[PDB]
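Note sheet for the following structure.
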Amino acid sequence: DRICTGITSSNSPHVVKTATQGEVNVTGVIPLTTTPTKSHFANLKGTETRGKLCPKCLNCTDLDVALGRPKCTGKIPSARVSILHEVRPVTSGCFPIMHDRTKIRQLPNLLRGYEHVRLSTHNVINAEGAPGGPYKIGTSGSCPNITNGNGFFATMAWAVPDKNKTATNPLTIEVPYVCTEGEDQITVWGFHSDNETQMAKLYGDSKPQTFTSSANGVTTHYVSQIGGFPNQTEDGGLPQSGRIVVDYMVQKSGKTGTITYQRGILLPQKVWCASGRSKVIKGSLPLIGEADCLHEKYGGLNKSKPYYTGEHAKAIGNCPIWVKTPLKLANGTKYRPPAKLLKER
Amino acid sequence: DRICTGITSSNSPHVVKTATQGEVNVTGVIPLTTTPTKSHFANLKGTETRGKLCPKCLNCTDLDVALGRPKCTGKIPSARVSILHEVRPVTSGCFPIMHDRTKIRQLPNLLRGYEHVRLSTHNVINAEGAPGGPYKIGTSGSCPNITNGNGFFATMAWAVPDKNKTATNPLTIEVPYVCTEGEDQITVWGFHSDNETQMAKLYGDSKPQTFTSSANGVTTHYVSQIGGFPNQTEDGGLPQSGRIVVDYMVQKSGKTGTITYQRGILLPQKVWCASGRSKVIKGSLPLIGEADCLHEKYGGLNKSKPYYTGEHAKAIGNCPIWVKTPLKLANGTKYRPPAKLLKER
Amino acid sequence: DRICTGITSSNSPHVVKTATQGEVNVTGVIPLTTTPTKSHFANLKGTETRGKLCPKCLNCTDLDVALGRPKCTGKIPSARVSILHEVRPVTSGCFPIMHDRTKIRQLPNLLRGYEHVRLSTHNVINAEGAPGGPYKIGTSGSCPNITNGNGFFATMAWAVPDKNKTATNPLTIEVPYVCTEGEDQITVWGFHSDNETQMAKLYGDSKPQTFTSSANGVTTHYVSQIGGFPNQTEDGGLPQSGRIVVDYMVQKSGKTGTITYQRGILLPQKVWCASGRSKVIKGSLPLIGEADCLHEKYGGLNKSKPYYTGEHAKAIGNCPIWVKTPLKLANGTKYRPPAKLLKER
Amino acid sequence: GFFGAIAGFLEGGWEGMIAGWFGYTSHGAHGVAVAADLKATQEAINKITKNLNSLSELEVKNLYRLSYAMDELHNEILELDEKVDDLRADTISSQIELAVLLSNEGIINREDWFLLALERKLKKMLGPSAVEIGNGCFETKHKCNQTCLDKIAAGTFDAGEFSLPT
Amino acid sequence: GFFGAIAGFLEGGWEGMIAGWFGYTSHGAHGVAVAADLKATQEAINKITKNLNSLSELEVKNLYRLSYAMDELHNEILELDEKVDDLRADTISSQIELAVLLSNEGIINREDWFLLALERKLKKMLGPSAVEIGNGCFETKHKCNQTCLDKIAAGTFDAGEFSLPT
Amino acid sequence: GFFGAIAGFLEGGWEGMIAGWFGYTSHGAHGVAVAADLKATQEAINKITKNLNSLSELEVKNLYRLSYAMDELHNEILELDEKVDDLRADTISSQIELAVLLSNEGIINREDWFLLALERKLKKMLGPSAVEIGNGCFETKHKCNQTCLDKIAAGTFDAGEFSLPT
Ligand SMILES: *[C@@H]1O[C@H](CO)[C@@H](O[C@@H]2O[C@H](CO)[C@@H](O[C@@H]3O[C@H](CO)[C@@H](O)[C@H](O)[C@@H]3O)[C@H](O)[C@H]2NC(C)=O)[C@H](O)[C@H]1NC(C)=O
Ligand SMILES: *[C@@H]1O[C@H](CO)[C@@H](O[C@@H]2O[C@H](CO)[C@@H](O[C@@H]3O[C@H](CO)[C@@H](O)[C@H](O)[C@@H]3O)[C@H](O)[C@H]2NC(C)=O)[C@H](O)[C@H]1NC(C)=O
Ligand SMILES: *[C@@H]1O[C@H](CO)[C@@H](O[C@@H]2O[C@H](CO)[C@@H](O[C@@H]3O[C@H](CO)[C@@H](O)[C@H](O)[C@@H]3O)[C@H](O)[C@H]2NC(C)=O)[C@H](O)[C@H]1NC(C)=O
Ligand SMILES: *[C@@H]1O[C@H](CO)[C@@H](O[C@@H]2O[C@H](CO)[C@@H](O[C@@H]3O[C@H](CO)[C@@H](O)[C@H](O)[C@@H]3O)[C@H](O)[C@H]2NC(C)=O)[C@H](O)[C@H]1NC(C)=O
Ligand SMILES: *[C@@H]1O[C@H](CO)[C@@H](O[C@@H]2O[C@H](CO)[C@@H](O[C@@H]3O[C@H](CO)[C@@H](O)[C@H](O)[C@@H]3O)[C@H](O)[C@H]2NC(C)=O)[C@H](O)[C@H]1NC(C)=O
Ligand SMILES: *[C@@H]1O[C@H](CO)[C@@H](O[C@@H]2O[C@H](CO)[C@@H](O[C@@H]3O[C@H](CO)[C@@H](O)[C@H](O)[C@@H]3O)[C@H](O)[C@H]2NC(C)=O)[C@H](O)[C@H]1NC(C)=O
Ligand SMILES: *[C@@H]1O[C@H](CO)[C@@H](O[C@@H]2O[C@H](CO)[C@@H](O[C@@H]3O[C@H](CO)[C@@H](O)[C@H](O)[C@@H]3O)[C@H](O)[C@H]2NC(C)=O)[C@H](O)[C@H]1NC(C)=O
Ligand SMILES: *[C@@H]1O[C@H](CO)[C@@H](O[C@@H]2O[C@H](CO)[C@@H](O[C@@H]3O[C@H](CO)[C@@H](O)[C@H](O)[C@@H]3O)[C@H](O)[C@H]2NC(C)=O)[C@H](O)[C@H]1NC(C)=O
Ligand SMILES: *[C@@H]1O[C@H](CO)[C@@H](O[C@@H]2O[C@H](CO)[C@@H](O[C@@H]3O[C@H](CO)[C@@H](O)[C@H](O)[C@@H]3O)[C@H](O)[C@H]2NC(C)=O)[C@H](O)[C@H]1NC(C)=O
Ligand SMILES: *[C@@H]1O[C@H](CO)[C@@H](O[C@@H]2O[C@H](CO)[C@@H](O)[C@H](O)[C@H]2NC(C)=O)[C@H](O)[C@H]1NC(C)=O
Ligand SMILES: *[C@@H]1O[C@H](CO)[C@@H](O[C@@H]2O[C@H](CO)[C@@H](O)[C@H](O)[C@H]2NC(C)=O)[C@H](O)[C@H]1NC(C)=O
Ligand SMILES: *[C@@H]1O[C@H](CO)[C@@H](O[C@@H]2O[C@H](CO)[C@@H](O)[C@H](O)[C@H]2NC(C)=O)[C@H](O)[C@H]1NC(C)=O
Ligand SMILES: *[C@@H]1O[C@H](CO)[C@@H](O)[C@H](O)[C@H]1NC(C)=O
Ligand SMILES: *[C@@H]1O[C@H](CO)[C@@H](O)[C@H](O)[C@H]1NC(C)=O
Ligand SMILES: *[C@@H]1O[C@H](CO)[C@@H](O)[C@H](O)[C@H]1NC(C)=O
Ligand SMILES: *[C@@H]1O[C@H](CO)[C@@H](O)[C@H](O)[C@H]1NC(C)=O
Ligand SMILES: *[C@@H]1O[C@H](CO)[C@@H](O)[C@H](O)[C@H]1NC(C)=O
């Protein structure tokens, strides 16, 4: 007799790629990729995840909370992961704003990149005694407070001259640093303007006014407009005749800021003290359920295979790795012609 | 007798590098690199390639076309690859400009990063009825049109007061969005200034004027100069006594812009509507021939070897890959001492 | 008898990681990593290393030398590696400055990124004949020179009106390019302000003044303050009543700059001509000794092992490579059960 | 592989092997008989499993948004950030494809060493009187039917019962 | 390699081999005779060619200019962009050098497996009566001149014509 | 390895080997005797040393500060620069771990080829009359005590002195 060693022969419908033989047919494989399917966004498994800034504040948007609208004040919980669910945030509240003449729409999104965010407990300057005369603090009917009747944003003070209604030269305030040592300070200020008759009635001058700010080498300059405003959007719905322009400046730890102003200033009162860092990707709300990974194109994912094929995007968590092609690991033997019967002659 | 297996012995002048034996001598090799030679620039093989912006406009530079000079208007063909052949573009045309007080020289290069670029078909604002009084539109003798005699740039309107020659406070226009939804809008504006006598004759005031622009959070401020200008360069050659300062602002889709101005404004008329994306590298003109790859140091290349050694730079197309050293793949057998005669005793 | 081949058996306390067997026990290893220890900073071995800008200038800080303080002038040696030892540089010298209203504190650090830095030999403009009237050049008692008695910074000229003490409109100077062709030009300018009485005595106007600068598309705007200044810090110790605000602008080769000003200008005299490039990391002084590598967390290192584990940071020189885990190379044989006596039965 | 092309191995295989990849076949007067080896198949499977574990246990760092850069105010920085993400994905994908190519290369090459091991296990267990030809086949002096190969592939074959020296 | 250093192979080679890299040589009373094997040489060449194809078929993404960043207004962004290009070129160059080092390592190591394959092909074709020594050489009972080795290396040698058992 | 699991090798080793990793052992009436081979150990050590030199001779580019970006005025650019450094360190670390994994894989696999080399060196030097079993062991017709193995492992054993054909 003749006893020999050999190798099986079977159906070999799979193809793999080697480095010295080219592409070969193999009996079986192990896939290493999937193409996922679009789903909704979830809570990250093991970490606290931020959606809205204050979720216990009802009937508030994120810009409402960032600007300090009355009845939208609350404690902001910490989080190590955030969702950016709104690329151009809106108000629904207080006095009407001309949102598009500054960069204020992006203030909530900035605030969501820090882990700890809080509103100071004291005012940064005393408004009634600031340069430019004794002031009285103005309130608006389109801004009611907890016992209804008149209010304003908690981050600013509308300073109207008390006794002397006259024009002025530019005035300068130095905005101090009131947070603790590792924290950044975000200061919110702005100005108000109206039509000619009301400008002469409130302030004593009916010409455009000039405003300047400076912090950490960054400088900004504005000029106001008298009359002929666009229409009111995203506000309380009462008719008005004037508008406000709002801005913010960042003070890195230890540093002081400067504002130069004329008639119509909204002086800063409460500042945001912010420290730490958070991880942000774009998503949508509500967050339903729990998942291993969050992906910008696919939502929540659970990791099964080590790799994936599809659209590459940003992701946070326990995620697979992106590859160009579907990859396979051989789990068989190379193709073997059914040459039993050839040798069996 | 004795029959043995063996291996040849030959001249082994080549050296390759292994991981467990060091460097060895081998009979033959396969090179994998070349050092290319500097050549001219060509057309990319398989793609439409942009040189000049409007190549059917004769006697025009790129900044002439970008500013809308008369007889330099034409249709701008689309392209997915562009050549940046001029790091500081020049004019040769219309009214003289003080090019170095703004960022306008870079407007053509910006326009060449978009795939589709066109000039709107209607004016963005009505110039004669803008704030600041009824206006009349000024023309220049150094800017003749198709039937010669007087013209101006098509992107701007020189607004001179019609009846009342008086000073003014700052005025504000809101520049609207007139392109379709996926497109960016580039707005071109500026101002004119002269010596004292002519400033009092044209506008009614002989002091410096202040101009401001704002779009998408970006703000800019200018002050004009009365008399004592530098010399005229890159213009039609007629003597003048005043100069213009030109700038542009970008409006991302949906957004509105703002200009604040005084006497001497050149108001925007035609805006650039631009969408898509193009791939840019630095090169030179003319484009002669066709090639697989375009390289910033070597020009047009045809791919022969997978790698190259030389100066690394940016490249577009079907290109080899850069490596530090010349690489070789062994195509022989290791060095074998000619020990025939040693065993042949 | 029976003669067999075999493999030794020993203590196998080391563990290495393979790709098809998992983790195995091995007789011996070769380590490839270390965790270094914090040390002081040294001189790079083979290269000239910069600490202070002028180390032969005694009792000077780096900002003193950058601003041109009297008796702090000297030749600045070239170097291909620099140490950034001060994240907010201080003065100790001349007239008091309000350092925090501009970006001037960072001027020394900018200057330390160039290989060649020198101060021009002629003044860039003639100060007494500049626009705004005939001027006389002011000196300060808190700024004595080599034969004591009165001086000022060598990069600026304090221009006070000679005969006519009146208010003015904005004036414009064009700052020319005086360095050679491959070099960048850094221009230093500023302005002085005081309380109301002294402003009316020195200049003839007691209102805030406006200053603007423009170079290479970058624009900046300032407004001055009358009275109520903060306290003097980092100066010569004499009592004063006014303060200066200082800034710089960069002109890339060939380009011209522009300044617009009013009463109180400190016009530029000597400019910094700078070319080349240097390598910078953060460290501390003094430099003691010599080392192969400089590391931002560990100081000077000598290379023993190819890799290291610890905190990753920037480094310059002949340095090891960072890896996540301690790595080992097997230098033994796999674990072998002491089965002598098992077969020895 | 390149080893069996020269050494003279058989280029085809048997479909009587259903319980394994590698095995034995005996050709004689009665015809052909086939049996499968279980231990060789098992350790080939084990090595492929350890290789899969090695491939599945590598980590790279997450890519998410920059904290300080805002839309429409920092467009240049955000374009460079997108380019950085593109390039990093490209590099890691190329590295993973290289690792899988090396893995499949090794898996396909082991098919001749798994067969040399079988050949000389068979030589040891088949007794001193057998003769090696050179291409994995052996010539015996005794009949070997299906139960014979069943005992051979199971590691219980003893030539003593066949009245031949061992 | 490390295999022939211990197994006792010859450290030198023959220049009578002009038509191949690997081959046979017979030493006897008449002196020496040399012949070359063509199939082994051919498949070694084929494997090196497939390896070259594998090395030549990898792609990386193009590096070109940023669309929105302008000269002298965005110098900081453009310096960072240049640094990104430098680092990416460095990383891909290091990876390519690693792949070529592995390729050359494999090509130089195969020289002893190509020779074991030849040794046992020769043993199979040389007949049952030959004796293996251990270092690739064989002792025969018959004369083998140049035409003998010509028929051996061509795969047509039959010991039956030599009046010896096969 | 996977080769000795099937070929029938011994799963244990000897601690009489103090002067090497690989060696010989003779089992007979007198009991056991052990000796160590020096050349095999030496070239295994040499190959590990060349591998260490290959691992230790790769360079990457330095990472230092950008020359034009200043603190607190260019914070967005500096955050992106820090991210670039993080990503580059991660990529190069992953590549180095892959190279070390391949090195250790090769070092652990060579342990069976170093032993096949020893087996057939022993077969060549032990004389034509010995019989190979199949798992590296050999049967001789003569006594072999410690001095016998001392001469065998030193490469001076000659069977002529043992009154047996060579
Ligand atoms: C090795 O692997 C390849 C890749 O899977 C196998 O090729 C495949 O073979 C089947 C059978 O012929 C092809 O099916 C097709 O059926 C249609 C009718 O539905 C017929 O018109 C086609 O001509 C073809 O027969 C299948 O398309 C084909 N796949 C590819 C990508 O070409 C191959 O059979 C395997 N085995 C061998 C020995 O090559
Ligand atoms: C500038 O804005 C102010 C905003 O108050 C405009 O004043 C308002 O003008 C309307 C015009 O009719 C006044 O309505 C009047 O209300 C009184 C009291 O209810 C009523 O007796 C009249 O018959 C009429 O309905 C309104 O009171 C008045 N508000 C004020 C003065 O506070 C003003 O018209 C605007 N100016 C221009 C030029 O647009
Ligand atoms: C990814 O994996 C997570 C974790 O398993 C999945 O969340 C799981 O979803 C199931 C089904 O909705 C829930 O568990 C079960 O819910 C039923 C609801 O009646 C409850 O009666 C069972 O006792 C059990 O709790 C739950 O939401 C959650 N499981 C756990 C243990 O937390 C998720 O659906 C997976 N997919 C994605 C895309 O995230
Ligand atoms: C292995 O490869 C190396 C690298 O090519 C070979 O080294 C080379 O050998 C030649 C012959 O000696 C050298 O030529 C030179 O000629 C000049 C006269 O023109 C003489 O002065 C030199 O002393 C030398 O002989 C050549 O420079 C040399 N290359 C290098 C880089 O050193 C080597 O011959 C090859 N073979 C062996 C067995 O090493
Ligand atoms: C400010 O710029 C204006 C630019 O027009 C200067 O006005 C021009 O001044 C020249 C000086 O001679 C005038 O030339 C005259 O032309 C008339 C008509 O051809 C001729 O009769 C005279 O003999 C002389 O050649 C020119 O007409 C005049 N252009 C005007 C008024 O439109 C003006 O001088 C500049 N002012 C300063 C202070 O530099
Ligand atoms: C890279 O490869 C391209 C493609 O082959 C080269 O362009 C080729 O250049 C030849 C020679 O100038 C031209 O083809 C021939 O031109 C003659 C001119 O008389 C014509 O009579 C022939 O019939 C033929 O068309 C042509 O420009 C072009 N060939 C093709 C088929 O398009 C190029 O020169 C190579 N090198 C570089 C650096 O690009
Ligand atoms: C293979 O390598 C591993 C890794 O070093 C060895 O494991 C180690 O074995 C020793 C001896 O048992 C362990 O020592 C410990 O001693 C304490 C008392 O101080 C005792 O309570 C522990 O239970 C243990 O015996 C050592 O912790 C252990 N290392 C690890 C990481 O588990 C192993 O011995 C080596 N050899 C074999 C055959 O596995
Ligand atoms: C604005 O700043 C100037 C800075 O000089 C202040 O002027 C200084 O005011 C003090 C106040 O007493 C003067 O001191 C006097 O000195 C003279 C001469 O030594 C002495 O006779 C007096 O008894 C008194 O000590 C000082 O001379 C004066 N310096 C001057 C005028 O150059 C001024 O007070 C400040 N204004 C305000 C409103 O703060
Ligand atoms: C890294 O390596 C350098 C280079 O060796 C080390 O610097 C060496 O430090 C030694 C000890 O301080 C010095 O060399 C000796 O100094 C004594 C001082 O009395 C002198 O008498 C000897 O003749 C000898 O010069 C020297 O500073 C320096 N050696 C040389 C040759 O330059 C350094 O300490 C090592 N470590 C670090 C963290 O840099
Ligand atoms: C809510 O808003 C009302 C607006 O009237 C506030 O009531 C006035 O508050 C001021 C501030 O102390 C008092 O001087 C007035 O006497 C209050 N009554 C009036 C104007 O009728 C009320 O204090 C606010 N409640 C808050 C802020 O908690
Ligand atoms: C070319 O420029 C000439 C400049 O005179 C234009 O001619 C005048 O155009 C205006 C605009 O409608 C008319 O009001 C005048 O009556 C024209 N004739 C004059 C001033 O003599 C001419 O229209 C321009 N051609 C174009 C723009 O196609
Ligand atoms: C050092 O400073 C003193 C300050 O008095 C300078 O002395 C005056 O210099 C000016 C400039 O030429 C002369 O017009 C005066 O006549 C000098 N004497 C006075 C005012 O008493 C001196 O020149 C400076 N030395 C330098 C700059 O080297
Ligand atoms: C939120 O808004 C709804 C809609 O008007 C209202 O009914 C509800 O009372 C509001 N809740 C609070 C807490 O203000
Ligand atoms: C503002 O409101 C009026 C009133 O309906 C409307 O006619 C006008 O179009 C609105 N303006 C804009 C810009 O929509
Ligand atoms: C272009 O300029 C040349 C040079 O003067 C001139 O001869 C030619 O007519 C011009 N062509 C057009 C179309 O303007
Ligand atoms: C301007 O032109 C005049 C006339 O030739 C010349 O003297 C002067 O130098 C020119 N100015 C410059 C800056 O070249
Ligand atoms: C300035 O100096 C005075 C005098 O001691 C001191 O009272 C005051 O607190 C100082 N100002 C600051 C901001 O420290």
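Labels for the structure tokens follow display order: chains A, B, ..., residues from 1 in each chain, ligands from 1.
Near range 121-125 of chain C, within 8 Å and counting only C-alpha atoms, sit residues 130, 175, 176, 178, 268, 269, 270 and 271 of chain C, not including residues fewer than 3 positions from it in the same chain.
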Keeping N, CA, C and O atoms, export the residues of the selection given above as a PDB file, in the first residue's frame.
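selection16.pdb, freshly written:
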```pdb
ATOM      1  N   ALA C 130       7.881 115.518  10.788  1.00  0.00           N
ATOM      2  CA  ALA C 130       6.742 114.683  10.445  1.00  0.00           C
ATOM      3  C   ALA C 130       5.457 115.511  10.388  1.00  0.00           C
ATOM      4  O   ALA C 130       5.416 116.639  10.881  1.00  0.00           O
ATOM      5  N   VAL C 175       5.181 104.255   6.745  1.00  0.00           N
ATOM      6  CA  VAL C 175       6.413 103.758   7.350  1.00  0.00           C
ATOM      7  C   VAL C 175       7.120 102.886   6.315  1.00  0.00           C
ATOM      8  O   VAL C 175       6.591 101.816   5.963  1.00  0.00           O
ATOM      9  N   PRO C 176       8.294 103.277   5.832  1.00  0.00           N
ATOM     10  CA  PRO C 176       8.931 102.567   4.721  1.00  0.00           C
ATOM     11  C   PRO C 176       9.701 101.335   5.171  1.00  0.00           C
ATOM     12  O   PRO C 176       9.874 101.062   6.354  1.00  0.00           O
ATOM     13  N   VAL C 178      13.173  99.443   5.303  1.00  0.00           N
ATOM     14  CA  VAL C 178      14.579  99.822   5.339  1.00  0.00           C
ATOM     15  C   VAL C 178      15.509  98.641   5.556  1.00  0.00           C
ATOM     16  O   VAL C 178      16.725  98.829   5.573  1.00  0.00           O
ATOM     17  N   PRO C 268       8.104 106.004  15.444  1.00  0.00           N
ATOM     18  CA  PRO C 268       9.163 104.988  15.397  1.00  0.00           C
ATOM     19  C   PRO C 268      10.489 105.529  14.871  1.00  0.00           C
ATOM     20  O   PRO C 268      10.533 106.268  13.889  1.00  0.00           O
ATOM     21  N   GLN C 269      11.581 105.149  15.535  1.00  0.00           N
ATOM     22  CA  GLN C 269      12.912 105.572  15.119  1.00  0.00           C
ATOM     23  C   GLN C 269      13.785 104.410  14.664  1.00  0.00           C
ATOM     24  O   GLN C 269      14.184 104.375  13.504  1.00  0.00           O
ATOM     25  N   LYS C 270      14.054 103.433  15.517  1.00  0.00           N
ATOM     26  CA  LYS C 270      14.846 102.268  15.156  1.00  0.00           C
ATOM     27  C   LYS C 270      13.930 101.068  15.052  1.00  0.00           C
ATOM     28  O   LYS C 270      13.061 100.868  15.899  1.00  0.00           O
ATOM     29  N   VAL C 271      14.121 100.270  14.015  1.00  0.00           N
ATOM     30  CA  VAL C 271      13.267  99.124  13.768  1.00  0.00           C
ATOM     31  C   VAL C 271      14.124  97.879  13.897  1.00  0.00           C
ATOM     32  O   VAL C 271      15.348  97.936  13.806  1.00  0.00           O
TER      33      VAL C 271
END
```
Legend entry - Per-residue DSSP, range 65-164 of chain E, filtered to helix (DSSP H, G or I), as a PyMOL selection string: chain E and resi 75-109+113-126+146-153+159-162
Legend entry - From B:104, B:24, B:42, B:173, residue lying nearest chain A [only C-alpha atoms]: B:173
Inset, instruction - Return the neighbours of chain C among the residues of chain B, cut-off 8 Å, counting only C-alpha atoms, as a ChimeraX atom specification. - result: /B:100-103,207-208,220-221,223,225
Inset, instruction - Enumerate as an MDAnalysis selection string the residues within 9 Å of ligand 14, counting only C-alpha atoms and all ligand atoms. - result: chainID A and resid 230:232
For the residues selected in the previous step, produce a file with C-alpha atoms as a PDB file, in the first residue's frame.
```pdb
ATOM      1  CA  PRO A 230     -35.124  95.554  10.797  1.00  0.00           C
ATOM      2  CA  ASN A 231     -38.108  93.618  12.147  1.00  0.00           C
ATOM      3  CA  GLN A 232     -38.298  92.040  15.592  1.00  0.00           C
TER       4      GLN A 232
END
```
Legend entry - Nearby residues (only C-alpha atoms) at most 6 Å from residue 194 in chain C, same-chain spacing under 3 positions excluded, as a list in words: residues 199, 226, 241 and 242 of chain C
Which residues are near ligand 3 - at most 7 Å, using only C-alpha atoms and all ligand atoms? Format: as an mmCIF file with N, CA, C and O atoms, in the first residue's frame.
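part-v2.cif was written with the following content:
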```cif
data_model
loop_
_atom_site.group_PDB
_atom_site.id
_atom_site.type_symbol
_atom_site.label_atom_id
_atom_site.label_comp_id
_atom_site.auth_asym_id
_atom_site.auth_seq_id
_atom_site.Cartn_x
_atom_site.Cartn_y
_atom_site.Cartn_z
ATOM 1 N N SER A 39 -28.989 55.929 13.261
ATOM 2 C CA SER A 39 -29.842 55.729 14.419
ATOM 3 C C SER A 39 -29.965 57.054 15.156
ATOM 4 O O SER A 39 -29.476 58.089 14.698
ATOM 5 N N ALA A 42 -27.800 58.914 21.860
ATOM 6 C CA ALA A 42 -28.051 58.255 23.127
ATOM 7 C C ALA A 42 -27.172 58.883 24.198
ATOM 8 O O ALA A 42 -26.528 59.911 23.983
ATOM 9 N N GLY A 289 -31.794 56.399 25.341
ATOM 10 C CA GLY A 289 -31.116 55.144 25.590
ATOM 11 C C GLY A 289 -29.660 55.257 25.981
ATOM 12 O O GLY A 289 -29.259 56.239 26.610
ATOM 13 N N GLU A 290 -28.860 54.261 25.602
ATOM 14 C CA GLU A 290 -27.460 54.178 25.991
ATOM 15 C C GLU A 290 -26.691 53.380 24.948
ATOM 16 O O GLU A 290 -27.237 52.473 24.322
ATOM 17 N N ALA A 291 -25.423 53.740 24.754
ATOM 18 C CA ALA A 291 -24.619 53.177 23.680
ATOM 19 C C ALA A 291 -23.144 53.284 24.027
ATOM 20 O O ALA A 291 -22.743 54.081 24.871
ATOM 21 N N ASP A 292 -22.335 52.467 23.348
ATOM 22 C CA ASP A 292 -20.892 52.441 23.569
ATOM 23 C C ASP A 292 -20.192 53.637 22.941
ATOM 24 O O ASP A 292 -19.281 54.211 23.540
ATOM 25 N N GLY A 300 -25.811 56.485 17.979
ATOM 26 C CA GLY A 300 -25.241 55.578 18.955
ATOM 27 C C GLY A 300 -24.904 54.227 18.343
ATOM 28 O O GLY A 300 -25.678 53.656 17.578
ATOM 29 N N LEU A 301 -23.726 53.715 18.694
ATOM 30 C CA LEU A 301 -23.255 52.433 18.200
ATOM 31 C C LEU A 301 -22.822 51.547 19.354
ATOM 32 O O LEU A 301 -22.342 52.027 20.381
ATOM 33 N N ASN A 302 -22.986 50.245 19.159
ATOM 34 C CA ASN A 302 -22.425 49.222 20.028
ATOM 35 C C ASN A 302 -21.357 48.465 19.254
ATOM 36 O O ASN A 302 -21.576 48.080 18.103
#
```
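If one restricts the calculation to only C-alpha atoms and all ligand atoms, the set of residues situated within 7 Å of ligand 11 consists of residues 144, 145, 146, 147, 148, 149, 150 and 151 of chain B.
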Inset, instruction - Residues within 12 Å of ligand 13 should be enumerated using only C-alpha atoms and all ligand atoms and returned as number ranges by chain. - result: A: 55-61, 70-72, 92-93, 144-146
Would you output that residue set with C-alpha atoms, as a PDB file, in the first residue's frame?
```pdb
ATOM      1  CA  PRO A  55     -32.483  70.983  31.570  1.00  0.00           C
ATOM      2  CA  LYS A  56     -34.490  71.939  34.684  1.00  0.00           C
ATOM      3  CA  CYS A  57     -35.144  75.407  33.257  1.00  0.00           C
ATOM      4  CA  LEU A  58     -38.433  75.093  31.363  1.00  0.00           C
ATOM      5  CA  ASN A  59     -39.343  77.082  28.234  1.00  0.00           C
ATOM      6  CA  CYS A  60     -35.742  78.287  27.860  1.00  0.00           C
ATOM      7  CA  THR A  61     -33.305  77.950  24.981  1.00  0.00           C
ATOM      8  CA  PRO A  70     -35.320  86.116  34.000  1.00  0.00           C
ATOM      9  CA  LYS A  71     -36.766  82.743  35.096  1.00  0.00           C
ATOM     10  CA  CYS A  72     -34.040  81.001  33.048  1.00  0.00           C
ATOM     11  CA  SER A  92     -37.385  83.218  22.582  1.00  0.00           C
ATOM     12  CA  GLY A  93     -37.444  85.826  25.292  1.00  0.00           C
ATOM     13  CA  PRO A 144     -41.103  89.943  33.400  1.00  0.00           C
ATOM     14  CA  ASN A 145     -39.666  88.259  36.491  1.00  0.00           C
ATOM     15  CA  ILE A 146     -40.959  85.663  38.958  1.00  0.00           C
TER      16      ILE A 146
END
```
